[PDB]
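Below is protein.cif, holding mmCIF, C-alpha atoms.
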data_run
#
loop_
_atom_site.group_PDB
_atom_site.id
_atom_site.type_symbol
_atom_site.label_atom_id
_atom_site.label_comp_id
_atom_site.auth_asym_id
_atom_site.auth_seq_id
_atom_site.Cartn_x
_atom_site.Cartn_y
_atom_site.Cartn_z
ATOM 1 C CA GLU R 1024 -1.492 -13.638 16.246
ATOM 2 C CA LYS R 1025 -0.773 -12.870 12.590
ATOM 3 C CA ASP R 1026 1.224 -10.147 10.844
ATOM 4 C CA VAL R 1027 -0.516 -9.364 7.539
ATOM 5 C CA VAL R 1028 1.214 -7.178 4.957
ATOM 6 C CA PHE R 1029 -0.400 -5.983 1.755
ATOM 7 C CA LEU R 1030 2.073 -5.278 -1.047
ATOM 8 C CA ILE R 1031 0.170 -3.356 -3.674
ATOM 9 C CA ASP R 1032 1.201 -2.482 -7.252
ATOM 10 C CA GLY R 1033 0.724 1.285 -7.502
ATOM 11 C CA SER R 1034 2.045 1.662 -11.035
ATOM 12 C CA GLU R 1035 0.045 3.408 -13.767
ATOM 13 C CA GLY R 1036 -1.426 0.049 -14.869
ATOM 14 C CA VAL R 1037 -3.408 0.020 -11.632
ATOM 15 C CA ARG R 1038 -4.623 3.662 -11.685
ATOM 16 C CA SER R 1039 -8.126 2.920 -12.948
ATOM 17 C CA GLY R 1040 -8.569 -0.157 -10.716
ATOM 18 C CA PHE R 1041 -7.064 1.405 -7.582
ATOM 19 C CA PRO R 1042 -10.387 2.265 -5.901
ATOM 20 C CA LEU R 1043 -11.469 -1.372 -6.348
ATOM 21 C CA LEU R 1044 -8.179 -2.504 -4.911
ATOM 22 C CA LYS R 1045 -8.651 -0.239 -1.876
ATOM 23 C CA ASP R 1046 -12.132 -1.738 -1.435
ATOM 24 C CA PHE R 1047 -10.727 -5.269 -1.604
ATOM 25 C CA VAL R 1048 -8.108 -4.584 1.056
ATOM 26 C CA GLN R 1049 -10.810 -3.219 3.365
ATOM 27 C CA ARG R 1050 -12.951 -6.334 2.780
ATOM 28 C CA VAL R 1051 -10.072 -8.538 3.882
ATOM 29 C CA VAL R 1052 -9.149 -6.383 6.870
ATOM 30 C CA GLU R 1053 -12.756 -6.242 8.131
ATOM 31 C CA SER R 1054 -12.593 -10.026 8.525
ATOM 32 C CA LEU R 1055 -9.475 -9.907 10.706
ATOM 33 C CA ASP R 1056 -9.250 -9.431 14.456
ATOM 34 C CA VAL R 1057 -7.097 -6.319 14.376
ATOM 35 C CA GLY R 1058 -5.080 -5.274 17.409
ATOM 36 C CA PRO R 1059 -1.513 -5.287 18.680
ATOM 37 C CA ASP R 1060 -1.803 -8.672 20.378
ATOM 38 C CA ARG R 1061 -3.849 -10.157 17.542
ATOM 39 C CA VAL R 1062 -3.638 -9.273 13.882
ATOM 40 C CA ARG R 1063 -1.274 -6.464 12.819
ATOM 41 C CA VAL R 1064 -1.659 -4.968 9.353
ATOM 42 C CA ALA R 1065 0.810 -3.136 7.135
ATOM 43 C CA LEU R 1066 0.598 -1.845 3.573
ATOM 44 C CA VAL R 1067 3.269 -0.935 1.056
ATOM 45 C CA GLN R 1068 2.751 0.398 -2.461
ATOM 46 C CA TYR R 1069 5.308 -0.188 -5.181
ATOM 47 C CA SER R 1070 6.240 0.529 -8.734
ATOM 48 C CA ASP R 1071 9.798 1.221 -9.720
ATOM 49 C CA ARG R 1072 10.220 2.299 -6.090
ATOM 50 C CA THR R 1073 8.502 1.398 -2.825
ATOM 51 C CA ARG R 1074 6.429 3.499 -0.456
ATOM 52 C CA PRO R 1075 5.417 2.103 2.905
ATOM 53 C CA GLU R 1076 1.972 3.496 3.721
ATOM 54 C CA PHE R 1077 1.726 2.099 7.251
ATOM 55 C CA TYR R 1078 3.654 -0.466 9.278
ATOM 56 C CA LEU R 1079 2.679 -3.422 11.465
ATOM 57 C CA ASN R 1080 3.021 -1.157 14.542
ATOM 58 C CA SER R 1081 1.130 1.830 13.085
ATOM 59 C CA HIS R 1082 -2.486 1.134 14.111
ATOM 60 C CA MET R 1083 -4.097 -0.681 16.969
ATOM 61 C CA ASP R 1084 -7.634 -1.273 15.728
ATOM 62 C CA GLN R 1085 -9.860 -1.820 12.730
ATOM 63 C CA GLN R 1086 -10.854 1.856 12.462
ATOM 64 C CA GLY R 1087 -7.249 2.994 12.265
ATOM 65 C CA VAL R 1088 -6.333 0.527 9.534
ATOM 66 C CA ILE R 1089 -9.499 1.055 7.477
ATOM 67 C CA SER R 1090 -9.202 4.826 7.653
ATOM 68 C CA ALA R 1091 -5.615 4.604 6.426
ATOM 69 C CA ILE R 1092 -6.589 2.377 3.503
ATOM 70 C CA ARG R 1093 -9.447 4.674 2.504
ATOM 71 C CA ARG R 1094 -7.101 7.664 2.294
ATOM 72 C CA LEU R 1095 -4.534 6.021 -0.001
ATOM 73 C CA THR R 1096 -3.594 7.687 -3.248
ATOM 74 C CA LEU R 1097 -1.909 5.871 -6.078
ATOM 75 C CA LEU R 1098 1.890 5.908 -5.862
ATOM 76 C CA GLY R 1099 2.243 6.042 -9.646
ATOM 77 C CA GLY R 1100 5.142 4.931 -11.791
ATOM 78 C CA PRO R 1101 5.962 3.123 -14.957
ATOM 79 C CA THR R 1102 6.239 -0.441 -13.904
ATOM 80 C CA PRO R 1103 5.845 -2.813 -11.042
ATOM 81 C CA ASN R 1104 9.297 -4.048 -10.002
ATOM 82 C CA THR R 1105 7.768 -6.808 -7.915
ATOM 83 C CA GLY R 1106 10.983 -8.621 -7.102
ATOM 84 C CA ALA R 1107 12.647 -5.566 -5.584
ATOM 85 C CA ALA R 1108 9.444 -4.769 -3.705
ATOM 86 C CA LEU R 1109 9.280 -8.286 -2.255
ATOM 87 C CA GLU R 1110 12.847 -8.080 -0.931
ATOM 88 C CA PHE R 1111 12.211 -4.595 0.420
ATOM 89 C CA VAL R 1112 9.307 -5.995 2.400
ATOM 90 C CA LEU R 1113 11.362 -8.902 3.772
ATOM 91 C CA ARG R 1114 14.316 -6.753 4.796
ATOM 92 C CA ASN R 1115 12.474 -3.652 6.052
ATOM 93 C CA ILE R 1116 8.818 -4.401 6.838
ATOM 94 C CA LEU R 1117 8.987 -7.913 8.287
ATOM 95 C CA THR R 1118 11.291 -6.623 11.025
ATOM 96 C CA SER R 1119 11.129 -6.323 14.775
ATOM 97 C CA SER R 1120 11.752 -2.576 14.652
ATOM 98 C CA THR R 1121 8.712 -1.950 12.474
ATOM 99 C CA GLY R 1122 6.272 -4.079 14.443
ATOM 100 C CA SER R 1123 6.719 -7.589 13.042
ATOM 101 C CA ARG R 1124 6.576 -10.497 15.484
ATOM 102 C CA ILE R 1125 8.622 -12.651 13.073
ATOM 103 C CA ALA R 1126 11.226 -13.319 15.772
ATOM 104 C CA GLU R 1127 8.513 -14.919 17.947
ATOM 105 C CA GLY R 1128 7.289 -17.205 15.182
ATOM 106 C CA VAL R 1129 4.124 -15.278 14.366
ATOM 107 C CA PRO R 1130 2.972 -15.983 10.797
ATOM 108 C CA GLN R 1131 4.175 -13.395 8.300
ATOM 109 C CA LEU R 1132 1.419 -13.333 5.670
ATOM 110 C CA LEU R 1133 2.179 -11.269 2.586
ATOM 111 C CA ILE R 1134 -0.693 -10.559 0.195
ATOM 112 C CA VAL R 1135 0.644 -9.282 -3.135
ATOM 113 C CA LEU R 1136 -1.656 -7.612 -5.690
ATOM 114 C CA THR R 1137 -0.440 -6.750 -9.199
ATOM 115 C CA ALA R 1138 -1.909 -6.303 -12.646
ATOM 116 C CA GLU R 1139 1.047 -6.760 -15.012
ATOM 117 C CA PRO R 1140 4.098 -8.920 -15.515
ATOM 118 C CA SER R 1141 6.889 -7.770 -13.209
ATOM 119 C CA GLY R 1142 9.424 -5.253 -14.459
ATOM 120 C CA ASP R 1143 12.148 -7.311 -12.767
ATOM 121 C CA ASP R 1144 12.940 -10.932 -11.832
ATOM 122 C CA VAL R 1145 10.719 -12.355 -9.136
ATOM 123 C CA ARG R 1146 12.403 -15.760 -9.069
ATOM 124 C CA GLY R 1147 15.356 -14.944 -6.813
ATOM 125 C CA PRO R 1148 13.326 -12.713 -4.542
ATOM 126 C CA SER R 1149 10.682 -15.434 -4.179
ATOM 127 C CA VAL R 1150 13.342 -17.834 -2.910
ATOM 128 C CA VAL R 1151 14.711 -15.265 -0.491
ATOM 129 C CA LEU R 1152 11.278 -14.552 0.957
ATOM 130 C CA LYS R 1153 10.379 -18.203 1.425
ATOM 131 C CA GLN R 1154 13.780 -18.893 3.025
ATOM 132 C CA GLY R 1155 13.312 -15.842 5.241
ATOM 133 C CA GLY R 1156 9.962 -16.780 6.765
ATOM 134 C CA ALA R 1157 7.462 -14.908 4.595
ATOM 135 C CA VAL R 1158 4.271 -16.697 3.518
ATOM 136 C CA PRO R 1159 3.104 -14.956 0.344
ATOM 137 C CA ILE R 1160 -0.208 -15.120 -1.482
ATOM 138 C CA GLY R 1161 0.081 -13.756 -5.019
ATOM 139 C CA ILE R 1162 -3.072 -12.258 -6.527
ATOM 140 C CA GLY R 1163 -2.695 -11.538 -10.214
ATOM 141 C CA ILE R 1164 -5.255 -9.279 -11.870
ATOM 142 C CA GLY R 1165 -5.713 -8.972 -15.628
ATOM 143 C CA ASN R 1166 -2.378 -9.163 -17.424
ATOM 144 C CA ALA R 1167 -0.481 -10.342 -14.324
ATOM 145 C CA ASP R 1168 1.592 -13.416 -15.096
ATOM 146 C CA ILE R 1169 0.151 -16.632 -13.682
ATOM 147 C CA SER R 1170 3.521 -18.277 -13.312
ATOM 148 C CA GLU R 1171 4.969 -15.269 -11.492
ATOM 149 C CA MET R 1172 2.111 -15.239 -8.998
ATOM 150 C CA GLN R 1173 2.516 -18.969 -8.361
ATOM 151 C CA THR R 1174 6.286 -18.523 -7.936
ATOM 152 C CA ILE R 1175 5.872 -15.710 -5.424
ATOM 153 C CA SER R 1176 3.233 -17.633 -3.483
ATOM 154 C CA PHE R 1177 4.381 -19.888 -0.657
ATOM 155 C CA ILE R 1178 3.073 -22.814 -2.686
ATOM 156 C CA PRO R 1179 1.453 -22.442 -6.124
ATOM 157 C CA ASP R 1180 -2.017 -23.399 -4.842
ATOM 158 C CA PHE R 1181 -2.207 -20.154 -2.902
ATOM 159 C CA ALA R 1182 -1.994 -17.957 -6.027
ATOM 160 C CA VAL R 1183 -5.097 -16.474 -7.567
ATOM 161 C CA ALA R 1184 -5.698 -15.284 -11.160
ATOM 162 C CA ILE R 1185 -8.651 -13.013 -11.779
ATOM 163 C CA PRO R 1186 -9.353 -11.373 -15.117
ATOM 164 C CA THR R 1187 -10.439 -7.875 -13.989
ATOM 165 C CA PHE R 1188 -10.414 -5.549 -11.002
ATOM 166 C CA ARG R 1189 -14.201 -5.894 -11.183
ATOM 167 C CA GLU R 1190 -13.849 -9.542 -10.107
ATOM 168 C CA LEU R 1191 -11.521 -8.834 -7.215
ATOM 169 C CA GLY R 1192 -14.410 -8.759 -4.739
ATOM 170 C CA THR R 1193 -15.371 -12.325 -5.645
ATOM 171 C CA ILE R 1194 -12.144 -13.657 -4.048
ATOM 172 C CA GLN R 1195 -12.226 -11.732 -0.798
ATOM 173 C CA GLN R 1196 -13.726 -14.620 1.193
ATOM 174 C CA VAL R 1197 -11.195 -17.256 0.077
ATOM 175 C CA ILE R 1198 -8.352 -14.861 0.809
ATOM 176 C CA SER R 1199 -9.849 -14.305 4.263
ATOM 177 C CA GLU R 1200 -10.188 -18.105 4.643
ATOM 178 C CA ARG R 1201 -6.530 -18.562 3.684
ATOM 179 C CA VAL R 1202 -5.446 -16.015 6.282
ATOM 180 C CA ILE R 1203 -7.426 -18.052 8.854
ATOM 181 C CA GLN R 1204 -5.965 -21.411 7.738
ATOM 182 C CA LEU R 1205 -2.473 -20.076 8.061
ATOM 183 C CA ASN R 1206 -1.903 -20.127 11.781
ATOM 184 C CA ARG R 1207 1.281 -21.335 13.479
ATOM 185 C CA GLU R 1208 0.145 -24.978 13.686
ATOM 186 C CA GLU R 1209 -0.956 -25.231 10.059
ATOM 187 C CA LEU R 1210 2.164 -23.518 8.818
ATOM 188 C CA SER R 1211 4.117 -26.155 10.806
ATOM 189 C CA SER R 1212 2.759 -28.785 8.386
ATOM 190 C CA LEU R 1213 3.258 -26.766 5.242
ATOM 191 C CA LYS R 1214 6.570 -26.454 3.371
ATOM 192 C CA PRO R 1215 7.204 -23.867 0.662
ATOM 193 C CA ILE R 1216 7.849 -24.895 -2.907
ATOM 194 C CA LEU R 1217 11.102 -23.658 -4.447
ATOM 195 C CA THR R 1218 11.701 -24.613 -8.065
ATOM 196 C CA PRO R 1219 12.577 -21.374 -9.858
ATOM 197 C CA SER R 1220 11.762 -21.252 -13.576
#

How does the structure come out when it is put into structure tokens?
Amino acid sequence: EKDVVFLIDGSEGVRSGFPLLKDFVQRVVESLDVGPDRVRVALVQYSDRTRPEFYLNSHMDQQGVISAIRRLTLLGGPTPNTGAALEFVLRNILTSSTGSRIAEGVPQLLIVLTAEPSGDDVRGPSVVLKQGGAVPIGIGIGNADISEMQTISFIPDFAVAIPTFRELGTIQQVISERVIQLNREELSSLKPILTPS
């Protein structure tokens, strides 16, 4: 059992790379055992606002999730306010009412993809998410800030920096491997790192 949420920068900085991002998300999902009693998948786009695209309880199989990803259109917007988006996910998407099994101790894995420095502070939100049971993996593309992605990530090791959307496919296996590593037992041995700025 895993709840896997993709939080995707949909600001204008991502417009040209968005089809490659959609491809990447599908590559990860295809590796997961998707179903209500196994892996649940959600996806939220964000810029200076958030837009849930589908929730952990929306689909019950691989076809449903993949079809939903394929149909995404870019949210748009000037900036990625990543900190606000992270808290929005914690408080609204990692919830029992929207299909999260957080209350039962199911891993809450949050894969964040962005291509620019955040338009807001991610430090405080990162603390709140780690204290609240989220396990984030920050994937910074291009101009994304390395420190920010490390800060967001449950521990810095989990963060990834890749120079272009073109290279995003080259990390799909290690992201899949991380999702596998992070079961309830492994997470039991892992503690998050909190040392803001």

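When all atoms listed in the file are used to compute distances to residue 1138 in chain R, the closest of the residues R:1044, R:1216, R:1027, R:1067 turns out to be R:1044.
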
Open item on the list: Since I can't run it myself right now, could you work out what the PyMOL selection byres ((chain R and resi 1203) around 12) selects here and report it as a list in words?
Closed with: residues 1024, 1025, 1026, 1027, 1051, 1052, 1054, 1055, 1056, 1062, 1130, 1132, 1196, 1197, 1198, 1199, 1200, 1201, 1202, 1204, 1205, 1206, 1207, 1208, 1209 and 1210 of chain R

Task: Protein and nucleic acid residues near (9.8, -3.5, -9.6) (cut-off 8 Å, all atoms listed in the file) as a list in words - done: residues 1069, 1070, 1071, 1072, 1102, 1103, 1104, 1105, 1106, 1107, 1108, 1141, 1142 and 1143 of chain R

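When only C-alpha atoms are used to compute distances to residue 1041 in chain R, the closest of the residues R:1175, R:1151, R:1184, R:1095 turns out to be R:1095.
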
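Surrounding residues of (-2.7, 3.5, -13.4) at most 10 Å away are residues 1032, 1033, 1034, 1035, 1036, 1037, 1038, 1039, 1040, 1041, 1097, 1098, 1099, 1100, 1101, 1102 and 1138 of chain R (based on all atoms listed in the file).
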
N, CA and C atoms restored at range 1129-1144 of chain R, emitted as a PDB file, in the frame of the given file:
ATOM      1  N   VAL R1129       5.441 -15.649  14.836  1.00  0.00           N
ATOM      2  CA  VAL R1129       4.124 -15.278  14.366  1.00  0.00           C
ATOM      3  C   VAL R1129       4.117 -15.351  12.842  1.00  0.00           C
ATOM      4  N   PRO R1130       3.061 -15.925  12.258  1.00  0.00           N
ATOM      5  CA  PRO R1130       2.972 -15.983  10.797  1.00  0.00           C
ATOM      6  C   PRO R1130       3.117 -14.615  10.143  1.00  0.00           C
ATOM      7  N   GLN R1131       3.931 -14.586   9.099  1.00  0.00           N
ATOM      8  CA  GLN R1131       4.175 -13.395   8.300  1.00  0.00           C
ATOM      9  C   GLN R1131       3.474 -13.579   6.951  1.00  0.00           C
ATOM     10  N   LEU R1132       2.244 -13.091   6.846  1.00  0.00           N
ATOM     11  CA  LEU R1132       1.419 -13.333   5.670  1.00  0.00           C
ATOM     12  C   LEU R1132       1.493 -12.127   4.761  1.00  0.00           C
ATOM     13  N   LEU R1133       1.880 -12.363   3.517  1.00  0.00           N
ATOM     14  CA  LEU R1133       2.179 -11.269   2.586  1.00  0.00           C
ATOM     15  C   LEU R1133       1.256 -11.410   1.392  1.00  0.00           C
ATOM     16  N   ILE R1134       0.277 -10.518   1.268  1.00  0.00           N
ATOM     17  CA  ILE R1134      -0.693 -10.559   0.195  1.00  0.00           C
ATOM     18  C   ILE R1134      -0.231  -9.579  -0.874  1.00  0.00           C
ATOM     19  N   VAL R1135       0.078 -10.082  -2.069  1.00  0.00           N
ATOM     20  CA  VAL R1135       0.644  -9.282  -3.135  1.00  0.00           C
ATOM     21  C   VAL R1135      -0.408  -9.135  -4.221  1.00  0.00           C
ATOM     22  N   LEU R1136      -0.674  -7.900  -4.656  1.00  0.00           N
ATOM     23  CA  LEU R1136      -1.656  -7.612  -5.690  1.00  0.00           C
ATOM     24  C   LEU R1136      -0.968  -6.855  -6.820  1.00  0.00           C
ATOM     25  N   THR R1137      -1.036  -7.404  -8.039  1.00  0.00           N
ATOM     26  CA  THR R1137      -0.440  -6.750  -9.199  1.00  0.00           C
ATOM     27  C   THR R1137      -1.241  -7.058 -10.438  1.00  0.00           C
ATOM     28  N   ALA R1138      -1.105  -6.186 -11.436  1.00  0.00           N
ATOM     29  CA  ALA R1138      -1.909  -6.303 -12.646  1.00  0.00           C
ATOM     30  C   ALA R1138      -1.084  -6.405 -13.931  1.00  0.00           C
ATOM     31  N   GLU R1139       0.221  -6.617 -13.827  1.00  0.00           N
ATOM     32  CA  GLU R1139       1.047  -6.760 -15.012  1.00  0.00           C
ATOM     33  C   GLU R1139       2.219  -7.669 -14.719  1.00  0.00           C
ATOM     34  N   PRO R1140       2.849  -8.203 -15.763  1.00  0.00           N
ATOM     35  CA  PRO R1140       4.098  -8.920 -15.515  1.00  0.00           C
ATOM     36  C   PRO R1140       5.114  -8.011 -14.825  1.00  0.00           C
ATOM     37  N   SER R1141       5.927  -8.568 -13.947  1.00  0.00           N
ATOM     38  CA  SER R1141       6.889  -7.770 -13.209  1.00  0.00           C
ATOM     39  C   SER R1141       7.892  -7.117 -14.149  1.00  0.00           C
ATOM     40  N   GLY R1142       8.322  -5.913 -13.787  1.00  0.00           N
ATOM     41  CA  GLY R1142       9.424  -5.253 -14.459  1.00  0.00           C
ATOM     42  C   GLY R1142      10.808  -5.756 -14.091  1.00  0.00           C
ATOM     43  N   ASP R1143      10.886  -6.689 -13.143  1.00  0.00           N
ATOM     44  CA  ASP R1143      12.148  -7.311 -12.767  1.00  0.00           C
ATOM     45  C   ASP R1143      11.923  -8.795 -12.489  1.00  0.00           C
ATOM     46  N   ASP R1144      12.998  -9.513 -12.159  1.00  0.00           N
ATOM     47  CA  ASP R1144      12.940 -10.932 -11.832  1.00  0.00           C
ATOM     48  C   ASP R1144      12.323 -11.145 -10.476  1.00  0.00           C
TER      49      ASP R1144
END
